[PDB]
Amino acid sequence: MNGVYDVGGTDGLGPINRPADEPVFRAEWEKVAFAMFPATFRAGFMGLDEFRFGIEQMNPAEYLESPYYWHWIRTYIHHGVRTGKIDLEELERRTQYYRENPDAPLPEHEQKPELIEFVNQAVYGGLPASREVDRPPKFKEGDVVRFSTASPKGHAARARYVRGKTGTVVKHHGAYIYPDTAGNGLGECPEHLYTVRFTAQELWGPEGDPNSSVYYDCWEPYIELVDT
């Protein structure tokens, strides 16, 4: 997509806000929003690429200024509605209930140990996105390649500032889940992954530092050969 979340090279967003010491969670609701990720993932609301696509569909002004974990809430609701797992009218009624009764209890429920075992296994075992494929990589270190000018409306990892630009392959990492399919409900469709180096002058013109480059991750369909 071409939304306002694609900020690389944007100007005018303001100075960095870096409070000299900050807690991991700034309020109790942030802990809840954070932990809903494993719950909704296990229940089939979304995978990782779909999760990001939900955030990308936020109101742009809301995205730019709302607390980070509010973006997570928006994507849970987006995918809950998409999958039929969340009824919006019931959510709106419960929201008004907790507006009027902020200290009312949560529903009675069993503390099912398998859900905590799931958390521990995910955290310490991981959820690897690498996949084996049947063909070798098309490209290799040192190849000069050009990044696609395609501009899909669906999820992708094609920052506007690299589209159409020419760079050099730095490393081949193996094949991985492809965001352009996975984030749009089309499956993993794994593709070989590379890091490609683009000079600051290639990216930004003469306002470019002659001694800086950006290393950008390119799945195989993103790039085509210039010079072997």
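Numbering starts at 1 and follows the sequence shown.
Participant: Quick check on the record: does 199-207 or 47-55 carry the larger mean Cα temperature factor?
Facilitator: Mean B over CA atoms: larger for 199-207.
Participant: On average, are the C-alpha B-factors higher in 74-82 or in 136-144?
Facilitator: It is 136-144 that shows the higher mean C-alpha B-factor.
Participant: How does residue 116 rank on Cα B-factor within its chain, lowest, middle or highest third?
Facilitator: As the PDB entry reports it, the C-alpha B-factor of residue 116 lands in the middle third of its chain.
Participant: Lowest, middle or highest third of the chain for the C-alpha temperature factor of residue 37?
Facilitator: CA B-factor rank for residue 37: highest third.
Participant: With respect to C-alpha B-factor, does residue 7 fall in the lowest, middle or highest third of the chain as deposited?
Facilitator: Middle third.
Participant: Please place residue 24 in the lowest, middle or highest third of its chain according to the CA B-factor in the PDB entry.
Facilitator: Tercile = middle for this residue's CA B-factor.
Participant: Is the Cα B-factor recorded for residue 131 in the lowest, middle or highest third of its chain?
Facilitator: Middle third.
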